[PDB]
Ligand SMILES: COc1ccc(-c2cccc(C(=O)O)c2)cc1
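One chain comes next, on its own, written as structure tokens: the form solved without the named molecule.
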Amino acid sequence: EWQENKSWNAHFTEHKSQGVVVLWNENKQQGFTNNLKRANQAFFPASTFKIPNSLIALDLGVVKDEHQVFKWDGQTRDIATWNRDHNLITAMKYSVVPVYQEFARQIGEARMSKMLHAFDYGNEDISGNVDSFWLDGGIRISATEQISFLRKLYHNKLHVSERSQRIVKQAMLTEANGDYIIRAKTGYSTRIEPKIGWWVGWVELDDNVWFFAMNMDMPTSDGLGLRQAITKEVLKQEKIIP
């Protein structure tokens, strides 16, 4: 059901990188990874948590829709794109933590915890501050657990409205052309070792869907592009994209 293919390690070593790519063929219900152990090791979700956080905020009415404007609070942060107004689409695109921190406060701990349990999301532990726990609190998730969660989102099976799931899938849109559509979310965990990068989501084809979840050691910001590049080398090797 899970098969290992150490061939992919070549795309990590070409950049003296280390990590795991997990793929799931939805038609055949078969998984593939370069590293079975690391595929099941849990890490901080970091900004991949904006997927569940969006769903809860939308379902509770904290976010009205994908056009609602969340005004910059006027405090300059050292990510330039955060110091402006955002909606859900742009907050996800630029991983605008302060917008999502405000969502999480309005959601509150009790509603956050029960939604994550209903989602079966990671260790479902929101130990810590409600507005930081996906960064430095108690929550952890593995690449295979990301796949399982994303599969439920793809099929509208999570315990939120169908509308909530459709809107988050819209906001996950990353790339599209006549060959594939990628809906996904990046993440970068920095507060505690090991510093890792995430890319999770799926590739939609005419006749199949390939779910994916990858994380990699990320000692500095200078390699963040490798999350997508290495994932794409594996997708190409497996003939999922040209």
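For every residue, the number given is its place in the sequence shown, counted from 1.
- Taking only CA atoms, the mean B-factor in the PDB entry is higher for 117-125 than for the other of 117-125 and 149-157.
- Judged by mean Cα B factor in the deposited record, 29-37 ranks above the other of 51-59 and 29-37.
- Take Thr81, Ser142, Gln101, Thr90 and read off each C-alpha B-factor from the entry; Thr81 has the highest.
- For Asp179, the recorded CA temperature factor ranks within the middle third of the chain's modelled residues.
- When the modelled residues of the chain are ordered by their C-alpha B factor, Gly187 lands in the lowest third.
- Annotation for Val20: CA B-factor lies in the lowest third of the chain's modelled residues.
- In the PDB entry, a CA B factor belonging to the highest third of its chain's modelled residues is recorded for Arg77.
- For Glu66, the recorded CA B-factor ranks within the lowest third of the chain. Only modelled residues enter the ranking.
Absent from the display: the form solved in complex with the named molecule. The rest refers to it.
- Only one of 76-84, 110-118, 149-157, 162-170 lies within 4.5 Å of the named molecule in the deposited complex by heavy atoms, and it is 76-84.
- Contact between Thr13 and the named molecule in the deposited complex is not found at the 4.5 Å heavy atom cutoff.
- The closest non-hydrogen atom of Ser142 lies beyond 4.5 Å of the named molecule in the deposited complex.
- In the deposited complex, at least one heavy atom of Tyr94 sits within 4.5 Å of a heavy atom of the named molecule.
- The shortest heavy atom separation between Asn35 and the named molecule in the deposited complex exceeds 4.5 Å.
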